[PDB]
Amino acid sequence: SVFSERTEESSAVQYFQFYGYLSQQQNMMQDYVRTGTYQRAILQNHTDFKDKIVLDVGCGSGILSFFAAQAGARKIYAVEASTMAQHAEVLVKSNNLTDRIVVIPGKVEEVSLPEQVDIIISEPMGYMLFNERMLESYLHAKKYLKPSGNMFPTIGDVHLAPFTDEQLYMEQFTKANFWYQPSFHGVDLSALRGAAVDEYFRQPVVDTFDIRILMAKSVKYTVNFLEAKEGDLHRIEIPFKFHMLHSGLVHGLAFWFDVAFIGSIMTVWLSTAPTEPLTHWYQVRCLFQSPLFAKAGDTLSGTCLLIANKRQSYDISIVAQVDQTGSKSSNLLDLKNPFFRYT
């Protein structure tokens, strides 16, 4: 199947085991920005669900399907590959919605549905939006979508912007500095200094930050889920040209994302921007191994290249330069293994 072909077994096992835990579902459900915004998007666009056939891709506990049911859906096919599917069925029964919500255990790439659906709902967003590669399952599910059908979310925006944060930089540099020791209990570790720096700086930093660290207005990269094909997410090339608003050191690029539910009644946005209330996605920052100096008025140009790997994540390549000086920085990051820094 499409899923197994792009995914190492070791990763899939761990991945679906992870979402098999009720505590993780609880943690996601207790993100009230997420949950509330989804419920609002669905309910305030109740006409897009009323007497409609719905597909919930990766229903988890089934919360989105229940929202769809509240909105008047005739039938909701709720696909879930983890053992959580068993728990969702319990809730369907205890909430007396057996006539409206149908749990279908399995991977959306593998199961069979009785009919085409009018609308697809899902929450496929991970860190930096693209982590977990669930967007591909979401897009893959469009094989079940009627020609004029809709998708909630409809579009996704990735925002990137350069930042300055000396403390974070030296925080990681310090950790890498351990391997500079010429005599750790009498052992010379310095030969591994370079490998240590590489490793630590391959980690995207997941946390929040004050918006005042940003050195320029963000660049936006948009994926239209109605138009995009699964293959489109294998290799994502995001060019950027920032117009620097402040002078100083650029220590790296900050990432966040918005998704929009473009319904018939209104458009509802779910944002993880640092200007907005915090979500369980936080924000993501990719550090340069060495900061670039730029003065206001300068342009910071380059590319962020995301290559999907078989571990349900992305290999990140960031190349950036100060156009006026030719000061250039490159870094490679492993999105699957971030550094959780929050409090």
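The term rigid core refers to the maximal set of C-alpha atoms that superpose within 1.5 Å between the two forms. Residue numbers run from 1 along the displayed sequence.
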In terms of RMS C-alpha distance in 9 other deposited structures of this protein following rigid core superposition, 41-49 and 57-65 differ, and the farther one is 57-65
Between 165-173 and 231-239, greater root mean square CA displacement in 9 other deposited structures of this protein relative to the shown form, after rigid core superposition, belongs to 165-173
Comparing mean C-alpha B factor in the record for 175-183 and 254-262, the higher one is 175-183
For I213, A88, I121, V102, the deposited C-alpha B-factor is largest at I213
In terms of its chain's C-alpha B-factors, the third that includes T275 is the highest
For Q24, the third of its chain by CA B-factor is the lowest
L168: CA B-factor among chain residues, third -> highest
Chain-relative C-alpha B factor for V33 (record values, thirds): the middle
Entry-reported C-alpha B-factor of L332 relative to its chain, by third, is highest
